[PDB]
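Protein chains in written order, with PDB author numbering: chain P, 1 to 333; chain Q, -1 to 333; chain O, 0 to 333; chain R, 1 to 333.
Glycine is no exception: its CB is placed at the ideal position from the N, C-alpha and C atoms.
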Ligand SMILES: NC(=O)c1ccc[n+]([C@@H]2O[C@H](COP(=O)([O-])OP(=O)(O)OC[C@H]3O[C@@H](n4cnc5c(N)ncnc54)[C@H](O)[C@@H]3O)[C@@H](O)[C@H]2O)c1
Ligand SMILES: NC(=O)c1ccc[n+]([C@@H]2O[C@H](COP(=O)([O-])OP(=O)(O)OC[C@H]3O[C@@H](n4cnc5c(N)ncnc54)[C@H](O)[C@@H]3O)[C@@H](O)[C@H]2O)c1
Ligand SMILES: NC(=O)c1ccc[n+]([C@@H]2O[C@H](COP(=O)([O-])OP(=O)(O)OC[C@H]3O[C@@H](n4cnc5c(N)ncnc54)[C@H](O)[C@@H]3O)[C@@H](O)[C@H]2O)c1
Ligand SMILES: NC(=O)c1ccc[n+]([C@@H]2O[C@H](COP(=O)([O-])OP(=O)(O)OC[C@H]3O[C@@H](n4cnc5c(N)ncnc54)[C@H](O)[C@@H]3O)[C@@H](O)[C@H]2O)c1
Ligand SMILES: [Cl-]
Ligand SMILES: [Cl-]
Ligand SMILES: [Cl-]
Ligand SMILES: [Cl-]
Ligand SMILES: [Cl-]
Ligand SMILES: [Cl-]
């Protein structure tokens, strides 16, 4: 299985192609569905506000892109059940619209002639994969799978490390998170989420995220043990996740840091830093998550101990590297 | 006292500030109905909490079908097609059309078919009477039913062009506005209609953008038809904009002479202000003028008998423009 | 009453101190300002504010003064506090807003220069430190140099106090998502010894040390040593939010925590309550030191192990200034 | 000459080193003078908010940087006359502090034992070079030269092409310009300039530039014929210069754009675009100026004609590519 279609050629959809080209994948993107013209999709692929010029040639015709000399069909079907995936034989759909985040909704792609769907987002109780945490759970009979959120890909490897080394008894997460297209440019209606209606680049905006709540899909032993939320802030990409835990063991900072470093050794998904980085330094990262030893904090009074651990993530490109790792493995089962 | 009943179509950046300003000046206009695409709950939230102008100055509550503002009920509708808005239910006769989707005489006709009497469009709307208050509001009369107040940029450019034309003659000119980003632009890089540049992250770029302000200035100042062009550079400020005009004038001038002429034009002028202070864009946020001429930026470049004159005016493209809209509304309502 | 004030450092805080004093028609008169610049530049900065808009009163200047709402304010430019000629106009209480005199040892220079008392707008070591309506009762007539701690302290303390009083705080850690300030950098470049502080403040999320939690014991003695925390500086111009994750001395529900907080904010000029879905720009211009936000309360529990997250907004500029002024007024009458 | 010293390892200073390494120059930076430690300089070189991680290894010792395995001395001398340029034999100083922008001030480097100085800014009445406009004016007797400002490097090539093809009779420019370190993060004193006191990331701020005023040093024929100024705005780097001119004959937009296309042909200093780019697309440009045919505008009323031409520039890196070009030539004379 080598032929892919992308539904939603947005921030994530376009970076999916960029990354596949970058790693010289044997996956072949044959079709793209969105809501617009090839002309506009070509413009957006070529010029990127966060990552700069597309490294390959880009042209278009009235119904296709031509990327690095290869033709990619472009469709504009707002209902996935109408996407003509069989025309170019798209077998695996990378589902990056935000409108099909359940097994029932993504079933449309299979009805439309595809064989498998990989959803770029949480999608309820289905196989949900953070690469290098639970990718071994992908199965030859899986047809619809989720890679959860960027935040999940940031939290999970840190949570796995901690839990494996020390035990996590309970914990709460706050991500300080780059603004995304689900937010608003100027104050205006944005469905039922009132906070989402507020000007994103001019505000700190509290936001609900399921990353902690649904972590049991990725690390079953942590089911129900974590909660958390996001503060959306005015940076264009690059985010940071803080986790405050009660661990099963008394620890030093050096001990937590040492365990995290071991977990990141030879781990292409999970990086380590002890440099005093800031968010722009994570832009373009090829990890899902980069644990930051410099922010580790142990607060102890008598017998009680809280442990704060912190990890960076490029919620666009870093997350995409994870999605592609998952896609490559998925495509072979 | 004329008590005209008003309806607002599009309770957006402009539509919400229209209400704010009407209450602020204690207008005799009664806003009796609002049409948008959402619930009273959401509109109440947006009216109360404003990222640019802070807490609404009056109480705001909602019911299942209304806003209650300072104790007065305003019916809320959600008809995406204007012909279906029940403007007759609360007697809304003048519609302040602020959706961006009815910017022509043919499209705003739907408000009249739905039972309103008059429409004031908060944007350019092609070949119709187009009013910059204190420039050409004298051209209004009792027979007008659908009128435009043009763009924020027009409201900035027109008083400055008028003053220059009246004092010196403008022979030809070009404008560039360095302009706050607005809701027509994009939060993240993504399709935004057919304008390629408008697809790009607005808070992260300088983005060239076309504006008709200079091209259609002739609707406002007929003598300058076809003598002006220009465009915008959209930049990452949330509101507050500035318009530069480079002109060949009908006579040789000094900067002092230009500045004095502009000062005279702003004296006892509620619409057009003047400054010789070294202000920046956040200083214009909340302006009660459609335009403020900035004498500190005046520049004369002269070689032999050739002269280029650069004149610069700030504007709050949100609230400042709204003050112009309301002045035109209060006049248009009484005719 | 002491009634004559000098401001040292007519900066974000110093200018807003004057604004607030005139807004509340205090009987305190500002008779002198010291900074490093000209009256022209101070008048320009006072008239024009990027965060709060035009100054609400008339502003003019001479070669050695400001004239504000028709009242003359002397302007000095002495970089060393000991040299400031405070006695010329009888400045009694110095509001110290430069950031350069954050200790009793440093700020006593003002006294050498002829002042009677100093109120420092920042943490200043282990001196008496006041969060209004948390421990301002500890002030007395013998206090000569006093601190009002940081904006973050003023946000954190009334929340911690309410929780501690109702339920007990056994241990906790704070993270404040905090507007950038003048201590940061516009473009990437050296900013003393702190590496992170060198980075472009409007283009990054920047981890940053704060003493608010560490030194909370100056303000709430029973929590001495029980809290730690830090900041993430982010690109908003003012308006900040503080999260505290606590182990409490009692099993609780979110409603119970929210009700206790609501009670503590009733008839409390310093400490507000909200259950509206606000964002940071809605706190800009707040007249509170701290606004507890019920919408963000979260209780995470497995058996007897319970974490409690509580969240309060604060306008680190003006809201903090309202606290500084409340303290100042009281300080002036002891 | 192949040994360079950098004074002011700032935005421009650090990028100078980056660009020298990128083009594999035979110039070697042997010393750097600034106001801080090697540790802080190394941190700053390594992690860049605008251009991302440094492409070569960077380490530090107590007295130096190690960059790509080579040692560069670090000094911290506030006054240029005390800088030990002779210790490592620094021959040409790239003067990037902003405090020595005159022949008389930059003499202190020669007094301290350097042989030449290239100033990264306008520096009064001395030879002022925009590469591929007037670098032919340099000779072997020059010892202190200027490469003018970012805006000068943007303006000059566009003015040269217009004036050569059509004649410029008079003109005024406005650059819509990224904020720089001369501005203020929060409202507060910043020298005598009132507008420079105001928070740069939250305002449009009118600001002087002498690029047009002193354009005569670069294009003597245009001396006294141009004025202009800037509007500093909240983007981190990437700028755009508009020039409104009265030309020496009647033109069409196509005529202007073809003349500009021809001037940019085989021109390493000066680029052309007819794509609908925005400021983030110029970040990391290897040109001093990129003329933009999409924004050309002719306003004609009988005999009277205004011509508006627009060119992008990366005021950091793009400018630095011009600085290095001039540097490489200056080193050989
Ligand atoms: N941006 C992030 O940080 C991030 C990170 C991880 C996951 N995700 C997830 O990926 C998905 C996409 O996010 P994004 O940031 O790329 O969003 P985006 O808005 O940039 O892109 C969505 C794309 O889908 C297209 N689209 C919308 N509705 C459609 C439909 N019915 N049919 C076809 N195309 C349609 C749009 O035109 C757009 O090009 C979401 O589920 C999101 O939660 C986003
Ligand atoms: N700077 C400014 O923002 C500014 C200045 C002057 C004029 N204008 C003009 O005013 C108009 C509104 O601009 P804005 O910035 O308030 O835009 P906006 O997007 O903030 O508001 C538009 C509002 O209209 C609603 N809407 C959209 N389609 C609708 C429909 N069919 N029926 C009912 N409601 C609908 C939206 O839900 C939203 O509340 C545009 O014509 C614009 O050009 C804007
Ligand atoms: N900005 C905030 O959010 C905030 C909140 C609470 C407390 N604080 C504290 O208040 C103090 C001031 O902060 P700010 O944000 O107003 O800083 P700022 O940089 O805006 O103001 C500093 C002022 O002091 C002047 N100054 C510097 N050194 C001086 C000296 N030796 N003598 C006289 N004047 C001098 C400067 O010129 C400037 O006007 C600091 O201690 C800071 O921690 C700041
Ligand atoms: N930033 C731009 O866009 C740009 C473009 C073209 C030219 N320039 C010019 O280049 C020069 C540098 O600008 P920049 O943006 O890199 O400024 P910067 O502020 O980023 O760097 C200045 C550097 O010099 C150091 N410094 C200050 N005084 C010093 C001294 N006396 N001795 C040694 N080091 C000292 C600082 O610590 C800092 O590292 C200026 O003259 C500027 O006009 C800047
Ligand atoms: Cl949760
Ligand atoms: Cl989130
Ligand atoms: Cl035009
Ligand atoms: Cl701490
Ligand atoms: Cl802080
Ligand atoms: Cl000039």
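Q) In the structure shown, what three-state DSSP assignment does residue 59 (chain R) receive? A) In the structure shown, residue 59 (chain R) sits in a strand (DSSP, three-state: E or B).
Q) Is any beta-carbon of chain P found at less than 8 Å from that of residue 385 (chain Q)? A) With chain Q represented from -1 up to 333, any question about residue 385 (chain Q) goes unanswered, as that position is not in the structure.
Q: Kindly indicate the opening and closing residues of the alpha helix (DSSP H) around residue 233 (chain P).
A: Counting along the chain, residue 233 (chain P) sits inside no alpha helix (DSSP H); it lies in the beta strand (DSSP E) bounded by residues 226 to 233.
Q) Taking buried to mean at least 16 other C-beta atoms within 10 Å of its own C-beta, is residue 299 (chain O) buried or exposed? A) buried
Q) For residue 141 (chain O), which option in O:115, O:147, O:156, O:160 has the closest C-alpha, if you only look at C-alpha atoms? A) O:115
Q | For residue 183 (chain O), the first and last residue of its enclosing beta strand (DSSP E) | A | From DSSP, residue 183 (chain O) is part of no beta strand (DSSP E); its letter is neither H nor E.
Q: Please state if the CB of residue 186 (chain R) and the CB of residue 172 (chain Q) are separated by a distance shorter than 8 Å.
A: Cβ distance not < 8 Å, so residue 172 (chain Q) and residue 186 (chain R) don't count as in contact.
Q. What's the call for residue 86 (chain P), buried or exposed, on a 16-neighbour Cβ count within 10 Å?
A. exposed
Q | Residues of the region 234 to 245 of chain O whose Cβ lies closer than 8 Å to any Cβ of chain Q, in chain order | A | none
Q) Nearest-angstrom Cα distance between residue 307 (chain Q) and residue 296 (chain Q)? A) 8 Å
Q | Contact list for residue 25 (chain R) against chain O, beta-carbon separation under 7 Å | A | Result: empty, since nearest Cβ-Cβ is about 23 Å, beyond 7 Å.
Q) Are the beta-carbon atoms of residue 344 (chain O) and residue 15 (chain O) separated by less than 8 Å? A) The structure shown does not extend to residue 344 (chain O), since chain O is modelled only from 0 to 333, so the question has no answer here.
Q) Is there a Cβ from chain P that is less than 8 Å from the Cβ of residue 280 (chain O)? A) yes
Q. Going along chain O in order, which residues have a C-beta closer than 8 Å to the C-beta of residue 190 (chain P)?
A. Chain O residues near residue 190 (chain P): none, gap ~12 Å exceeds 8 Å.
Q | Bridge partners - residue 44 (chain R), DSSP secondary structure assignment | A | In DSSP, residue 44 (chain R) forms no bridge with anything.
Q. Roughly how far, in whole angstroms, is the beta-carbon of residue 158 (chain Q) from the beta-carbon of residue 291 (chain Q), given that I think they are within contact range, below 8 Å?
A. 6 Å
Q | Partners in chain P for residue 203 (chain Q), counting only beta-carbon separations shorter than 7 Å | A | 49
Q: Could you list which residues in chain Q have their beta carbon closer than 8 Å to that of residue 62 (chain O), in chain order?
A: Residues of chain Q passing the Cβ test: none, with the nearest at roughly 19 Å.
Q. Excluding five sequence neighbours on each side, which residues of the same chain lie with their C-beta closer than 6 Å to the C-beta of residue 13 (chain R)?
A. Excluding five sequence positions before and after residue 13 (chain R), the CB atoms of its chain that fall closer than 6 Å to its own CB belong to 6, 96, given in chain order.
**Q.** Same chain, Cβ closer than 7 Å to residue 178 (chain Q), five either side skipped, listed in chain order
**A.** 235, 236, 237, 238, 239, 315
Q. What residues are listed by DSSP as bridge partners for residue 313 (chain R)?
A. BP columns for residue 313 (chain R) point to R:239.
Q | The alpha helix (DSSP H) enclosing residue 216 (chain R), as first and last residue numbers | A | Start and end: 215 to 218.
Q | Residue range of the unbroken beta strand (DSSP E) whose run includes residue 5 (chain Q) | A | 3 to 7
Q) What residues of chain R sit near residue 184 (chain O), judged by a beta carbon separation below 8 Å? A) 185
Q | Contacts that residue 284 (chain O) makes with chain Q (C-beta to C-beta distance below 7 Å) | A | 52
Q: Check each residue of the region 301 to 321 of chain O: if its Cβ is closer than 7 Å to any Cβ of chain P, include it; give the result in chain order.
A: Sequence-ordered contacts of the region 301 to 321 of chain O with chain P read 301, 304, 306, 308 [C-beta pairs closer than 7 Å].
Q. If you run the structure through DSSP and keep just helix, strand and coil, what is residue 247 (chain Q)?
A. strand
Q | Environment of ligand 8 in chain order, Cβ to heavy atom below 5 Å | A | O:213, O:227
Q) Does the Cβ of residue 319 (chain R) lie closer than 7 Å to at least one heavy atom of ligand 2? A) Not so, every heavy atom of ligand 2 lies at least 7 Å from the Cβ.
Q: Reducing DSSP to helix, strand and coil, say where residue 255 (chain P) ends up.
A: Here residue 255 (chain P) sits in helix by DSSP.
Q) For a contact meaning CB atoms closer than 7 Å, what does residue 36 (chain O) contact in chain R? A) 189
Q) Any Cβ of chain Q within less than 8 Å of the Cβ of residue 220 (chain R)? A) no
Q | Any non-hydrogen atom of ligand 2 within 7 Å of residue 93 (chain Q) CB | A | Relative to ligand 2, the beta carbon of residue 93 (chain Q) is positioned no closer than 7 Å to any heavy atom.
Q. Given residue 231 (chain R), which residues of its chain have a CB within under 8 Å of its CB, disregarding the five upstream and five downstream residues?
A. So the list reads 174, 175, 176, 177, 204, 205, 206, 207, once near-sequence residues are dropped.
Q: From the DSSP output, in three-state form, read off residue 277 (chain Q) for me.
A: Coil at residue 277 (chain Q), not helix or strand.
Q) Counting along the chain, where does the beta strand (DSSP E) carrying residue 73 (chain P) start and finish? A) 70 to 75
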